[PDB]
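Q: Sharing an experimental structure here, sequence included.
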Amino acid sequence: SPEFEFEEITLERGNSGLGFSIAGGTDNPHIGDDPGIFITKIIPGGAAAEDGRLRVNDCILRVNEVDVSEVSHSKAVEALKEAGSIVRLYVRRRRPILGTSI
């Protein structure tokens with residue numbers, strides 16, 4: 001910050017899981033060598049969509065009490081799957097700043 005904002009979002013797992021897809025990790029970093037776990041898709045009607053807070057391009061930093069800021073993709077996937085039925089996600093989002101260069 002102020003470039004980013006941070007948010008905690010709790011989801012109750014449903015029959016369609018948490019309702020989103022992720023990409024990234026230390027083994028498959030994005031440009032700039034960013035190992036972050038990023039939301040790439042939110043499915044209609046799933047927990048994330050119904051809660052309405054999560055957005056595509058959000059970066060998941062923590063799942064319950066598991067740090068996922070620097071982990072492999074598979075570990076992130078495991079962290080989310082083993083988090084159980086109530087999942088607390090700590091996320092980072094780029095702050096929309098209406099700035100002007102001087």
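A: Yes, it's here. Residues are numbered from 1 along each chain as shown.
Q: Would you state the strands of this protein in chain order?
A: For the chain, applying DSSP state E gives strands covering 4-12, 20-24, 37-42, 59-63, 66-67, 86-94.
Q: and of the ones you listed, who's closest to residue 53?
A: Nearest of the strands of the chain to residue 53, taken as C-beta to C-beta: strand 4-12 at 4.8 Å. C-beta here means a position set from N, CA and C on the backbone, and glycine is covered the same way.
Q: Run through who's touching that closest one.
A: 18-19, 47-48, 51, 53-54, 58, 61, 85-95 (C-beta atoms under 8 Å, 6 or more residues apart in numbering).
Q: run the last query once more with 7 Å
A: Residues outside strand 4-12 that contact it (C-beta atoms under 7 Å, 6 or more residues apart in numbering): 18, 47-48, 51, 53-54, 85-95.
Q: Buried subset of those residues as a ChimeraX selection?
A: Remark: buried members of the contacts of strand 4-12, expressed as a ChimeraX selection using 16 or more other C-beta atoms under 10 Å:
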select :18,47,48,54,87,89,90,91,92,93
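Q: hang on, the earlier thing: out of the strands of the chain, nearest to residue 77?
A: Proximity to residue 77 (C-beta to C-beta) singles out strand 20-24 among the strands of the chain, at 7.2 Å.
Q: about what we covered before: any chance of CSV for the strands of the chain, columns distance to residue 100?
A: Output for the strands of the chain, formatted as CSV (distance: least, C-beta to C-beta, whole Å):
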stretch, distance to residue 100
strand 4-12, 20
strand 20-24, 32
strand 37-42, 28
strand 59-63, 26
strand 66-67, 36
strand 86-94, 18
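Q: contacting residues for the residue nearest to the spatial centre of the chain?
A: Computing the C-alpha centroid of the chain and ranking residues by C-alpha atoms, centre = their mean puts residue 60 first, at 2.9 Å. The contact partners of residue 60, taken as C-beta under 7 Å, 6+ apart, are 22, 37, 68, 89, 91.
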